[PDB]
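Undergrad: give me coordinates for this.
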Amino acid sequence: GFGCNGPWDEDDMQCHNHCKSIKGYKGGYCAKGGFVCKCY
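TA: Numbering: from 1, shown residues only. Below is the structure in question.
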C-alpha cells in the first residue's frame, strides 16, 4: 500500500513490503493504471 505514483515514478518492493507487513495478506500490485496501490 502507498507504493506507486504512476508513470513518472513507481515502486514494486515499496508497495509489496507494506502489504507483507500486514498479517493475513500475501502481496500487492499497482491498480488504476499503476497510479493506485492496493493489498490482498
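Undergrad: pretty sure residue 20 is touching residue 27, no?
TA: Yes. Between residue 20 and residue 27 there is a contact at 7.2 Å, judged by Cβ atoms under 8 Å. For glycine as for every other residue, the C-beta is placed from the backbone atoms N, C-alpha and C.
Undergrad: which one's more surrounded, these two?
TA: Neighbours per residue (other Cβ atoms under 10 Å) separate residue 20 from residue 27, with residue 20 holding more: 14 against 11.
Undergrad: got phi/psi on that one?
TA: Backbone geometry at residue 20, expressed as degrees, to the nearest 10, gives phi -80, psi -30.
Undergrad: got the contact list for it?
TA: 26-28 (Cβ atoms under 8 Å, 6 or more residues apart in numbering).
Undergrad: switch the cut-off to 10 Å
TA: By Cβ atoms under 10 Å, 6 or more residues apart in numbering, the contact set of residue 20 is 13, 26-28, 39.
Undergrad: which PyMOL command selects the buried ones in those?
TA: Buried residues within these, by 16 or more other Cβ atoms under 10 Å, are selected in PyMOL with:
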select buried, resi 28+39
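Undergrad: dump the contacts of residue 20 to JSON lines, plus secondary structure.
TA: Below are these laid out as JSON lines (DSSP: H, G, I helix; E, B strand; the rest coil):
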{"residue": "13", "secondary structure": "helix"}
{"residue": "26", "secondary structure": "coil"}
{"residue": "27", "secondary structure": "coil"}
{"residue": "28", "secondary structure": "strand"}
{"residue": "39", "secondary structure": "strand"}
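Undergrad: now the two most distant members of the contacts of residue 20.
TA: Largest separation among the contacts of residue 20 by Cβ to Cβ: 13 and 26, giving 14.8 Å.
Undergrad: and for residue 2, the neighbour number?
TA: Neighbourhood size, residue 2 [other Cβ under 10 Å]: 13.
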